[PDB]
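Participant: once you've seen the sequence and the experimental structure below, I've got questions.
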Amino acid sequence: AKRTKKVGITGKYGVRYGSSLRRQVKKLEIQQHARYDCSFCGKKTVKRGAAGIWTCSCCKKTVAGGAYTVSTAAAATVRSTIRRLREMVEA
Amino acid sequence: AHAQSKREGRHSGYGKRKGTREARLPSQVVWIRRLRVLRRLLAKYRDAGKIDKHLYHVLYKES
Amino acid sequence: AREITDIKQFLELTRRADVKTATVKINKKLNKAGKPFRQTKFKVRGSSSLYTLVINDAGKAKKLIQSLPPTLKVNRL
Amino acid sequence: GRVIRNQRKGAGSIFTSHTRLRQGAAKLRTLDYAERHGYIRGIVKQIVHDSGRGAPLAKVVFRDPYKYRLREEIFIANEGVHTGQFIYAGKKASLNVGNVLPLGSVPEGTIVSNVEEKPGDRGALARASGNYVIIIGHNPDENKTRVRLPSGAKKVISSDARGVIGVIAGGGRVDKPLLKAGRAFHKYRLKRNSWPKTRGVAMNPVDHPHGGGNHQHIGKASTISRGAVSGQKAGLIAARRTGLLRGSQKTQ
Amino acid sequence: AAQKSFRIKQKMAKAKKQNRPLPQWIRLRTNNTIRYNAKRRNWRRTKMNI
Amino acid sequence: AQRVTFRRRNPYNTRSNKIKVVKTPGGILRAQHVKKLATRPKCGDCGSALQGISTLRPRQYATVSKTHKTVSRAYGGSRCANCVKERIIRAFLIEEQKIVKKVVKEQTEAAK
RNA sequence: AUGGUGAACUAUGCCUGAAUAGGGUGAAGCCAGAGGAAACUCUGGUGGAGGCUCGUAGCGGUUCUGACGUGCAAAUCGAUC
RNA sequence: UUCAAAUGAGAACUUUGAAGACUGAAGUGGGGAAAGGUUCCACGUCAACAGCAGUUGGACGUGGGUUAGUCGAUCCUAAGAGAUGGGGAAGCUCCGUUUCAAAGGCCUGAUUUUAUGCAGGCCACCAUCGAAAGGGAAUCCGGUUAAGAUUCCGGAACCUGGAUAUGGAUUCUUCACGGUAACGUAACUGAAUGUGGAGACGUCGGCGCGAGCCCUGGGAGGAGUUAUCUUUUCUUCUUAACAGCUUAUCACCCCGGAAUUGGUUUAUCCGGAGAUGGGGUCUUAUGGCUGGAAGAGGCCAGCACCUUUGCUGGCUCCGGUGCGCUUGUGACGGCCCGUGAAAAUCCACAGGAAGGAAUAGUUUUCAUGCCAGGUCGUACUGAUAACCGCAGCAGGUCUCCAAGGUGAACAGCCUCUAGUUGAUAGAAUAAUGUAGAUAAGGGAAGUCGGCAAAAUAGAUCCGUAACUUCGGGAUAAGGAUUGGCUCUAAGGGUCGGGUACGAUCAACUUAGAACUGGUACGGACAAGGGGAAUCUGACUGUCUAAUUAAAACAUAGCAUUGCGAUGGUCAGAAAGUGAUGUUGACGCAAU
Ligand SMILES: [Mg+2]
Ligand SMILES: [Mg+2]
Ligand SMILES: [Mg+2]
Ligand SMILES: [Mg+2]
Ligand SMILES: [Mg+2]
Ligand SMILES: [Mg+2]
Ligand SMILES: [Mg+2]
Ligand SMILES: [Mg+2]
Ligand SMILES: [Mg+2]
Ligand SMILES: [Mg+2]
Ligand SMILES: [Mg+2]
Ligand SMILES: [Mg+2]
Ligand SMILES: [Mg+2]
Ligand SMILES: [Mg+2]
Ligand SMILES: [Mg+2]
Ligand SMILES: [Mg+2]
Ligand SMILES: [Mg+2]
Ligand SMILES: [Mg+2]
Ligand SMILES: [Mg+2]
Ligand SMILES: [Mg+2]
Ligand SMILES: [Mg+2]
Ligand SMILES: [Mg+2]
Ligand SMILES: [Mg+2]
Ligand SMILES: [Mg+2]
Ligand SMILES: [Mg+2]
Ligand SMILES: [Mg+2]
Ligand SMILES: [Mg+2]
Ligand SMILES: [Mg+2]
Ligand SMILES: [Mg+2]
Ligand SMILES: [Mg+2]
Ligand SMILES: [Mg+2]
Ligand SMILES: [Mg+2]
Ligand SMILES: [Mg+2]
Ligand SMILES: [Mg+2]
Ligand SMILES: [Mg+2]
Ligand SMILES: [Mg+2]
Ligand SMILES: [Mg+2]
Ligand SMILES: [Mg+2]
Ligand SMILES: [Mg+2]
Ligand SMILES: [Mg+2]
Ligand SMILES: [Mg+2]
Ligand SMILES: [Mg+2]
Ligand SMILES: [Mg+2]
Ligand SMILES: [Mg+2]
Ligand SMILES: [Mg+2]
Ligand SMILES: [Mg+2]
Ligand SMILES: [Mg+2]
Ligand SMILES: [Mg+2]
Ligand SMILES: [Mg+2]
Ligand SMILES: [Mg+2]
Ligand SMILES: [Mg+2]
Ligand SMILES: [Mg+2]
Ligand SMILES: [Mg+2]
Ligand SMILES: [Mg+2]
Ligand SMILES: [Mg+2]
Ligand SMILES: [Mg+2]
Ligand SMILES: [Mg+2]
Ligand SMILES: [Mg+2]
Ligand SMILES: [Mg+2]
Ligand SMILES: [Mg+2]
Ligand SMILES: [Mg+2]
Ligand SMILES: [Mg+2]
Ligand SMILES: [Mg+2]
Ligand SMILES: [Mg+2]
Ligand SMILES: [Mg+2]
Ligand SMILES: [Mg+2]
Ligand SMILES: [Mg+2]
Ligand SMILES: [Mg+2]
Ligand SMILES: [Mg+2]
Ligand SMILES: [Mg+2]
Ligand SMILES: [Mg+2]
Ligand SMILES: [Mg+2]
Ligand SMILES: [Mg+2]
Ligand SMILES: [Mg+2]
Ligand SMILES: [Mg+2]
Ligand SMILES: [Mg+2]
Ligand SMILES: [Mg+2]
Ligand SMILES: [Mg+2]
Ligand SMILES: [Mg+2]
Ligand SMILES: [Mg+2]
Ligand SMILES: [Mg+2]
Ligand SMILES: [Mg+2]
Ligand SMILES: [Mg+2]
Ligand SMILES: [Mg+2]
Ligand SMILES: [Mg+2]
Ligand SMILES: [Mg+2]
Ligand SMILES: [Mg+2]
Ligand SMILES: [Mg+2]
Ligand SMILES: [Mg+2]
Ligand SMILES: [Mg+2]
Ligand SMILES: [Mg+2]
Ligand SMILES: [Mg+2]
Ligand SMILES: [Mg+2]
Ligand SMILES: [Mg+2]
Ligand SMILES: [Mg+2]
Ligand SMILES: [Mg+2]
Ligand SMILES: [Mg+2]
Ligand SMILES: [Mg+2]
Ligand SMILES: [Mg+2]
Ligand SMILES: [Zn+2]
């Protein structure tokens, strides 16, 4: 029973702050609250709690991550070119 | 005396009502009342066999 | 602070070195459904805690009372 | 006239750090024999929020090579490092996210964090959530290594300056609208007493060089000389230009 | 103030003791020149400032 | 209808000033002060309440028989049994695969 | 001008404590249903979001330019806010 | 407010009885923090004082009164404060707090000239002050005083330190057995060193359970009303710390190997990293039964007497209910660029130095036994009279406990318990007033201005415009309806059923229908006026205590500046000085 036409989680803020700041906030909220896959046991149980800290519901591994998302574009591109450079020094 | 006349359904009219229907008895309370009873009618029929476990499980998420 | 129910163990308290006092109590009490009976509690006063031994049956209770060491100082009721 | 606000801040009264809750102070291992002739293993035993900080810290415990017991460090957690991970710190350590290696031992383009300005200063450069330096080459006599700092600046430091491979966790933090006063309120609540900010232009002349006048206005050029004296520097200090930065920046 | 220091209870004590009228026999002394207790004090007239 | 009073001079609702109302042999209501609740000791490896171990406030533990402070198996009342299994297995295998690494690089040093 | 005393009021930060009837609203998440070739759209529930709202205590102090104005009071009292 | 009595030279004002009221458990009730300092209590008592009085008092005079191993302090650390080798400063002093320092004390062995010299290893921890709301060893009930009580009395406990023996346990397999396991237990040696836990921690939400309170049936008592009516109205029927056994949501173990996926919360989570199922293990919050303990306390009846005051009997029993109320707790869920102290102190484990038996050893973390617990505070007020405001000032000043009805309700209004009935008094009722109200017909013509005042108001149903950041605007606007009494229907729990139902027990909610009245019904109390625009600030928030609350300040948002630590900005007389900085450009500083 589609509850709100477009303000999603951001509907708590009412009419305040102006559409555009809500638009922005809504994006990262949707990001930060949502449940992610665990690169360790496979169960989509990683949830946030304080920026950059991602922990696993069961299995209890805790990863450092983005302020509002688990992996951040930048970090992963760094992971990849760390691979790259390391490959150079066993090959 | 009064409390009797109450529980005989009296002085309960729109002119003796002052808090909202909601406040008098919460919507939610009703839901939990009702839903817990469906949920547990279900359980006895399964734990007995009047219902088969598959039919139960549809009724559960159906209730 | 304590309840006892081994009648043998009990007697060994009454003859335990530091035990100076001891008191018998008698309670009118009722049995099961109908009538009443006469319950009796044997309280030995230890240095550190008060042991007490219920004996419902008066029959046991009677004999038990002579058994009481003839140097122990018993308060009756 | 009154002592203006930016002067007052310096005597640290109501103005010092709010520091009761902080996790300790993050730094790298002491530059001992192990870390500088080889490598030495630790485990990240937990990563944790540091109060009034952007990025998470990672408690990383090590063996004590000199007497039997454990010694634990407090690190700034690079992204991706996780509890239970083993951490390798040394010259002859290997090139994975989370380890810590002298800028000498990593190829150009490597991406490190918490890097030392001088060797064993236990870490100075790039620590804020998201930041990092990149090695952009090294001249192997007088073993320097040139890096590019998060500012754009390019410094050359010793090759034995340590750094930890990867980027600091918690990036993106600033992308999200604070939205209300309150959020910022609570933000500075765990930093210092710098918020809110009254505009000098709304004060009286006692109070500021911007104060007074029958309309609110700065009254003279607000770019102030480097040579200005205490009480004079409020505005755009030493500003070498001013106005809306048209056009792409990005240090050439 | 309801759960006091010894030092304060004691000033306190001493001050109860100085609260008496002139002992009337002083009046009879040769040359006696004191009529009443001039330094008398009352709890709701003058506070002890500790 | 019967109200009640604190029993200590402290008038505030602090953690260490909890009350419980209670009916006496006199037939009246009297306050009582309730000590903070104890909490369960926790496993060092994983961090859960470890079973078998009695839950007292810390000094009360020195007034209590040693059996209340452990379970039998190694790392008794200190790690959580499951977590001991973990480190037995791991111990075994790594001491074993340590032998493997040895005769293999002795083989490397042998022929190469 | 010189040398002294004040943060028991009040301003601001820190530490450690405590306190706030009853209502209105119904945000994410979730469950069951409906339509449609398809993409997709829709309904009834559940849930309990907010520097949200009605309003006590609380904190404030709008108006009467009310009382008082040699006062109860060197700032109070009433009503309304 | 009133009548009478009693006392007294004297009574509107003191005491007692009666009466009429009030506060109405968010108290005018019962206690405390700060502050006071004897105001507490008894006797005496009225010159001043209590803006009339006075026989009365928080006044005067004279005495009495504050009892702790467990309640606080005392210990610990917090922001902070501050000695010390030092470094500045003419100097009063300023800086630094582990700092550029040759910083100090413990376990026992060696002594068997003796008491502590040296024989090992450690430990390099680096003053001290700072919380009567944070942390924290341990006490409860009954009774008792003119005035003290978790402090005295009675009874029953517990903690810490010190001593120690007796019993048990243990051992010829020396340093315990049992259970597949989770784990069991009355015990069951354990140095240095290491390590883990506890102390120790946000806030809101619904859900679950405890306690006390509230409601209520039966019975056993006492009281009240009884022209009439009421198997009635009111009230007593209680059980502390502590101790034994038992009791748990969570968690965990064994068996087992799951799609037709199952289990499952109010709230969608969980399962091949082993679900559902069956069987077990654990924490003991909490509750039960018993010990404490009926001997106490509570309620009556029946004799006794100036007296102390007794004596003697009984009875003190069994239940029911829940979106109840306050609190407490749990397993969960929401929120954060906020993720919500420290230290003392206690335990455990890893380790295995050492020491220890069969002719007799080991053991005090098992039981029972002996001793000791210092110092200071403890009275009362806590406020329209014990504190601060010149004062017994309508101001100010931190907190816990919290009954019945109406009703959404800790609102208003009425009441039980408790407490008050204090505020100069009498006679009249002109003007003018201050506070409370009403007014025909008109309806803002009043006035700078609708200032004041009036209107509106709860709930149920119906109905709802522009515009919009799509969240709103919205209780938009506009409407009807609402009492009593008498029925009807709907919505639940508990059981047994070979491997369709029947039986009982207990709850106000919602809707519908009759009848009924001078058309009244949110009947007092309670409770929004609405609409169309212009100016202006986005919003919530802020300020001139005591003439300005605004359009002023703040804010998120936008944009500019400085800075890579040998630094930016800022502090200082100086400095081996300081703020930012437990910091590092997703940063700090300045507009
Ligand atoms: Mg709902
Ligand atoms: Mg319910
Ligand atoms: Mg049910
Ligand atoms: Mg399902
Ligand atoms: Mg100046
Ligand atoms: Mg500081
Ligand atoms: Mg500020
Ligand atoms: Mg600004
Ligand atoms: Mg700004
Ligand atoms: Mg500003
Ligand atoms: Mg101004
Ligand atoms: Mg200028
Ligand atoms: Mg100037
Ligand atoms: Mg100006
Ligand atoms: Mg301007
Ligand atoms: Mg005074
Ligand atoms: Mg004075
Ligand atoms: Mg009652
Ligand atoms: Mg007290
Ligand atoms: Mg055990
Ligand atoms: Mg146990
Ligand atoms: Mg102050
Ligand atoms: Mg609290
Ligand atoms: Mg509320
Ligand atoms: Mg309402
Ligand atoms: Mg509210
Ligand atoms: Mg279809
Ligand atoms: Mg709500
Ligand atoms: Mg609000
Ligand atoms: Mg409001
Ligand atoms: Mg209301
Ligand atoms: Mg305010
Ligand atoms: Mg006013
Ligand atoms: Mg006026
Ligand atoms: Mg006048
Ligand atoms: Mg108001
Ligand atoms: Mg009078
Ligand atoms: Mg009344
Ligand atoms: Mg009230
Ligand atoms: Mg009064
Ligand atoms: Mg008192
Ligand atoms: Mg006083
Ligand atoms: Mg008196
Ligand atoms: Mg007189
Ligand atoms: Mg007087
Ligand atoms: Mg007078
Ligand atoms: Mg007179
Ligand atoms: Mg006197
Ligand atoms: Mg006296
Ligand atoms: Mg104590
Ligand atoms: Mg002491
Ligand atoms: Mg100093
Ligand atoms: Mg101290
Ligand atoms: Mg303390
Ligand atoms: Mg305390
Ligand atoms: Mg008593
Ligand atoms: Mg006495
Ligand atoms: Mg008293
Ligand atoms: Mg005693
Ligand atoms: Mg005794
Ligand atoms: Mg002892
Ligand atoms: Mg045994
Ligand atoms: Mg420790
Ligand atoms: Mg710990
Ligand atoms: Mg705390
Ligand atoms: Mg106790
Ligand atoms: Mg089971
Ligand atoms: Mg089994
Ligand atoms: Mg409360
Ligand atoms: Mg948390
Ligand atoms: Mg422990
Ligand atoms: Mg040795
Ligand atoms: Mg012992
Ligand atoms: Mg007292
Ligand atoms: Mg008084
Ligand atoms: Mg006053
Ligand atoms: Mg009173
Ligand atoms: Mg008067
Ligand atoms: Mg008069
Ligand atoms: Mg008229
Ligand atoms: Mg008209
Ligand atoms: Mg008109
Ligand atoms: Mg005119
Ligand atoms: Mg006109
Ligand atoms: Mg005008
Ligand atoms: Mg005009
Ligand atoms: Mg008006
Ligand atoms: Mg009218
Ligand atoms: Mg409108
Ligand atoms: Mg009708
Ligand atoms: Mg029915
Ligand atoms: Mg205009
Ligand atoms: Mg505004
Ligand atoms: Mg003003
Ligand atoms: Mg002024
Ligand atoms: Mg205003
Ligand atoms: Mg004003
Ligand atoms: Mg703009
Ligand atoms: Mg120097
Ligand atoms: Zn996982």
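Facilitator: Structure received. Residues are numbered from 1 along each chain as shown, chains lettered A, B, ... in the order given. Ligands and ions are numbered 1, 2, ... in the order given.
Participant: show me the contacts for the residue sitting nearest the centre point of chain C.
Facilitator: Nearest to the mean C-alpha position of chain C, by C-alpha atoms, centre = their mean, lies residue C:42 at 1.4 Å. By C-beta atoms under 8 Å, 6 or more residues apart in numbering or on different chains, residue C:42 lies in contact with C:10, C:22, C:24, C:52-55, C:64. Where you see a C-beta, it was placed from the backbone N, CA and C, and this is true even at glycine.
Participant: am I right that it is in a helix?
Facilitator: No: read with DSSP: H, G, I helix; E, B strand; the rest coil, residue C:42 is strand and lies in no helix.
Participant: tell me what it is bridged to.
Facilitator: residue C:24, residue C:53 (DSSP bridges).
Participant: give me the residue from chain F nearest chain D.
Facilitator: Nearest to chain D, among the residues of chain F, is residue F:47, at 10.2 Å (C-beta to the nearest C-beta).
Participant: that residue and residue D:24, how far apart?
Facilitator: Applying C-beta to C-beta, to the nearest Å, the value for residue F:47 to residue D:24 is 21 Å.
Participant: whichever residue of chain C sits closest to ligand 2: how many residues sit nearby?
Facilitator: Distance from ligand 2 to each residue of chain C (C-beta to the ion) is smallest for residue C:33, at 40.4 Å. For residue C:33, the count of nearby residues is 5 (other C-beta atoms under 10 Å in any protein chain shown).
Participant: where's it, which helix or strand?
Facilitator: Following DSSP states H and E, one finds residue C:33 outside all helices and strands.
Participant: cool, and residue D:8?
Facilitator: helix D:5-8.
Participant: list the helices and strands that helix packs on?
Facilitator: Under the contact criterion of 3 or more C-beta pairs under 8 Å, 6 or more residues apart in numbering or on different chains; DSSP states H and E, helix D:5-8 touches no helix or strand at all.
Participant: quick one: residue D:74 from ligand 14, how far?
Facilitator: For residue D:74, the distance to ligand 14 (C-beta to the ion, to the nearest Å) stands at 48 Å.
Participant: which SS class is that residue?
Facilitator: strand.
Participant: ok so, going back, hey, C-alpha coordinates of the helix holding residue D:8 in PDB?
Facilitator: Taking C-alpha atoms only, helix D:5-8 is exported to PDB below (Å, rounded to 0.1, in the frame of the first residue of the first chain):
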ATOM      1  CA  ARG D   5      37.600  36.100  20.100                       C
ATOM      2  CA  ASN D   6      40.300  34.500  18.100                       C
ATOM      3  CA  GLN D   7      42.800  35.900  20.600                       C
ATOM      4  CA  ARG D   8      41.000  34.300  23.500                       C
END
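Participant: that helix vs ligand 10: in contact?
Facilitator: No: if you take C-beta under 5 Å from the ion as the test, helix D:5-8 misses ligand 10, and the best it gets is 11.8 Å.
Participant: flag every buried residue along the very next helix or strand once past that helix.
Facilitator: Once the chain leaves helix D:5-8, the next helix or strand it forms, by DSSP H and E, is helix D:33-37. By 16 or more other C-beta atoms under 10 Å in any protein chain shown, the buried positions in helix D:33-37 come out as D:34-36.
Participant: what segments of the stretch 1-150 of chain D are strands?
Facilitator: Ranges of strands in the stretch 1-150 of chain D, per DSSP state E, counting those that start in this stretch, are D:40-49, D:56-63, D:70-76, D:86-89, D:100-102, D:111-113, D:133-137, D:144-148.
Participant: just the ones you listed: most buried one?
Facilitator: strand D:111-113 (a mean of 27; mean count of other C-beta atoms under 10 Å in any protein chain shown).
Participant: contacts for it next, please.
Facilitator: So strand D:111-113 is contacted by A:78, A:81-82, D:76, D:78, D:101, D:103, D:106, D:126-127, D:131-135, D:163-168 (C-beta under 8 Å, 6+ apart).
Participant: type out the ChimeraX command that picks the buried ones from those.
Facilitator: Selection of the buried residues among those in ChimeraX, burial being defined by 16+ other C-beta under 10 Å:
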select /A:78,82 /D:76,78,101,103,106,126,127,131,132,133,134,135,163,164,165,166,167,168
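Participant: out of the buried residues of helix D:33-37, who's nearest residue B:31?
Facilitator: Lowest distance from residue B:31 to the buried residues of helix D:33-37 (C-beta to C-beta) belongs to residue D:35, with 62.7 Å.
Participant: ok, which stretches of the chain are strands?
Facilitator: Chain wasn't specified; assuming chain A. Using DSSP state E, the strands of chain A run over A:46-47, A:53-56, A:62-64.
Participant: could you do chain F instead?
Facilitator: Using DSSP E, strands in chain F cover F:22-23, F:29-30.
Participant: so what strands line up beside the last one?
Facilitator: When you say that, I think you mean strand F:29-30. Paired strands of strand F:29-30, defined by DSSP bridges, are strand F:22-23 (antiparallel).
Participant: got a list of contacts for the partner strand?
Facilitator: F:29-32.
Participant: the closest residue to residue B:51 other than its chain neighbours: which element?
Facilitator: Spatial nearest neighbour of residue B:51, excluding adjacent residues (C-beta to C-beta, 6 or more residues apart in numbering or on different chains): residue B:45 at 3.9 Å. If you go by DSSP H and E, residue B:45 is part of helix B:27-46.
Participant: show me what that helix is in contact with.
Facilitator: Residues contacting helix B:27-46 (C-beta under 8 Å, 6+ apart): B:51-53, B:56, B:59-60, B:63.
Participant: pick the one among these closest to residue F:41.
Facilitator: Using C-beta to C-beta, the contacts of helix B:27-46 come closest to residue F:41 at residue B:60, 39.5 Å.
Participant: run a quick neighbour tally on that closest one.
Facilitator: The burial count for residue B:60: 13, using other C-beta under 10 Å.
Participant: try residue D:174
Facilitator: 12.
Participant: helix/strand/coil for it?
Facilitator: Going by three-state DSSP: residue D:174 is helix.
Participant: which of the contacts of helix B:27-46 lies closest to RNA strand G?
Facilitator: residue B:63 (7.4 Å; C-beta to the nearest atom of the strand).
Participant: all helices of the chain, in order?
Facilitator: Answering for chain A, as no chain was given. Ranges of helices in chain A, per DSSP state H, are A:19-33, A:73-88.
Participant: switch to chain E, that's the one I care about
Facilitator: E:6-17.
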